[PDB]
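Below: one structure, written as structure tokens.
Derivation of every value follows stated rules applied to the coordinates shown; laboratory data play no part. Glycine also receives a Cβ, built like all others from the backbone with ideal geometry; neighbour counts cover every protein chain displayed.
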């Protein structure tokens, strides 16, 4: 069902809005160091 | 040493989670409060001089 | 060294996937915003001077 | 969508009021930045406004 | 002379090590960031409304 992908694909994107959230934290952490 | 930088990351990660104020907002919350104190006090320094 | 260029390709491949703005569009989004700020502010600098 | 539009204009109204605080008393320059800041919020209001009419 | 010169090598080399370790953090951080930014723009491309076999 094509309608079901719309939910799962958006589910995958919730992983990086947090993962990329970690990447900025590391970069700022290195700057403070 | 690793303790100190571990603390650095906790505080920094919180900052992106809750951004600090922009300088633009900083300029007014002092600039407006000056009259928010003076304007009220300008009324007071006129009302109650 | 290979890390650095590996990063170069990731960013560049994204650019063709999502093209950056053309200079023609760049010219107006500043050129129009000047009056989008001045024209509104020209109304304001006339409305509220 | 209606609720989101109302919130956006309230922020613009607050920034509008904040510029209505700035431009008085001779400081049009800080109004320029505030209005310059306000323009980013004005754009969002227009896009949602027409969608609400279309969705009706 | 031998003991002093060899110590200079260690002092010079030790400084160069921690400098390298600092850069490793930055390059890895940029890499993990760069890989992440790609796939949002790719998953968006799947759902981008571009008439390119977009699901929408």
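When every alpha-carbon pair in chain E is counted, what percent end up more than 16 Å apart? Value for chain E: 67 percent of Cα pairs lie more than 16 Å apart. Please determine, in degrees from 0 to 90 and to the nearest 10, the orientation of helix E:2-46 with respect to the longest principal axis defined by the Cα atoms of chain E, where the helix direction is its Cα long axis. On a 0 to 90 degree scale, this one is about 0. Among C:22-31, D:33-42, sorting by the average number of other beta carbon atoms lying within 10 angstrom of each residue, highest first, gives D:33-42, C:22-31. With everything on Cα atoms, drop me the angle between helix D:2-22 and the longest principal axis of chain D, reported from 0 to 90° to the nearest 10. Around 10 degrees separate the two axes.
Please compute, over every Cα-Cα pair in chain D, the percentage with a separation greater than 15 angstrom. Of the Cα pairs, 49 percent sit more than 15 Å apart.
Most tightly packed first, judged by the mean number of other beta-carbon atoms within 10 Å of their residues, the peptides E:32-41, B:33-42 read E:32-41, B:33-42.
Note on E:12-25: average number of Cβ atoms from other chains within 10 Å of each residue's Cβ is 1. Sorted from shortest to longest, the distances between the residue B:17 label points of this copy and the other copies are 2.9 nm, with each point 7 Å from Cα along the line through the beta carbon. For the Cα trace of chain B, dividing Rg by the Kirkwood Rh returns an Rg/Rh value of 1.42.
Residues B:3, C:7, arranged from fewest to most other Cβ atoms within 10 angstrom of their Cβ, appear as B:3, C:7. Tell me, how many Å apart are the Cα centres for chain E and for the range D:10-25? Centre-to-centre (Cα) distance: 44 Å. Once you have a ≥ b ≥ c as the square roots of the Cα gyration tensor eigenvalues for the protein assembly as shown, tell me rounded if a/c is under 1.5, and otherwise prolate or oblate according to whether a/b is larger than b/c. Note, shape of the protein assembly as shown comes out oblate. With the label put 7 angstrom out from Cα along the Cα-to-Cβ vector, residue B:42 ends up 3.1 nm from the copy partners, going from closest to farthest. Here is how far apart the residue C:29 label points are across copies: 3.0 nm, shortest first, using a point 7 Å from Cα toward Cβ.
Between chain B and the range C:1-38, the C-alpha centres lie 34 angstrom from each other. What do you get for the angle between helix C:23-47 and the principal long axis of chain C? Use alpha-carbon atoms, 0 to 90 degrees, nearest ten. It is inclined by approximately 30 degrees.
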